[PDB]
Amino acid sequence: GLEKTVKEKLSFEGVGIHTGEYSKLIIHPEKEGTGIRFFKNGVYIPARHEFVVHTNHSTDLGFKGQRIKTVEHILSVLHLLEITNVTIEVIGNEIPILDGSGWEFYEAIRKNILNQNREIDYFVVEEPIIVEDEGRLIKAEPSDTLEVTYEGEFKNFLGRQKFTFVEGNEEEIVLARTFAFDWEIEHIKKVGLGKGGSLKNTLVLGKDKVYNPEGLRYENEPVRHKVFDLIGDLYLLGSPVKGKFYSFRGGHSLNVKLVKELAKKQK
């Protein structure tokens, strides 16, 4: 497809799920060859794996003392829409979580796409690779289309679930929300995270219970969300990606490990 930017500046704002602080974003159009980058306090932070500074419970980027938490959801939306040139100006320390999904970003950006003059140079996975960490595994292999499967093995009523995204089915993952298990919330708070988390932006589950009165958006909403997170982390390769991926229990740390291995291989 063609390289794309946005037709005009787009703004979003709200609390961040980890910092609990209110932040604002301004998405700026950019010319061909710019890539996706964040901008904070005069510093440009490219949306690339070299700038990752944290991967426990979110993917965070930094450069020159400026950090931005929780980039995975906005990057996943930009990857799905194949927006390739944009500056995401952040006034604050984290991307707003909004309702926990990519919906508000997706609906706004999709109506404001500007096609540009050259075609995208995709990051094309050249050969099969497997990355692993303590029972968690991610495999990547060649494909002319982006295809991403996530399989979960939950320690509650959900049990085993799998979901596969293929191109054309973007609408099936952009409404799936971030989620948390009630038994894990104390740890998240104790490590200085989850300060903005609530039932308004997170699907919270117990061993048997669903805390959210509105329930699940889909019976497999958590694995749809994990596919969505992986698509955001894959955009840290620095170009939209063509490959077939399978993640068994992967999280941001393993997703970033895969990206760094693929980037090294194809240097």
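So that the term is clear: the rigid core is the largest set of C-alpha atoms that superpose within 1.5 Å between two forms. Don't overthink the numbering: it's just position in the shown sequence, from 1.
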| task | On a core superposition, give the stretch, 73-81 or 182-190, with the larger average C-alpha separation from this form in 7 other deposited structures of this protein (RMS over structures and residues). | result | 182-190
| query | Which has the higher mean CA temperature factor in the PDB entry, 190-198 or 151-159? | reply | 151-159
| field | Mean C-alpha B-factor comparison - 49-57 and 206-214, higher one | value | 206-214
| Which of these has the highest Cα B-factor in the record: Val131, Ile95, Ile88, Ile83? | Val131
| query | So among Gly232, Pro222, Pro240, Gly42, who wins on Cα B-factor in the entry? | reply | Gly42
| said: Based on the deposited C-alpha B factors for this chain, I'd like to know if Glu184 is in the lowest, middle or highest third. | reply: highest
| field | Chain thirds of CA B-factor: placement of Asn169 | value | highest
| note | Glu127: C-alpha B-factor third of its chain, per the entry, is the highest
| note | Assert third(CA B-factor, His18) within chain per record equals lowest
| field | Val77 CA temperature factor, ranked by third within the chain | value | lowest
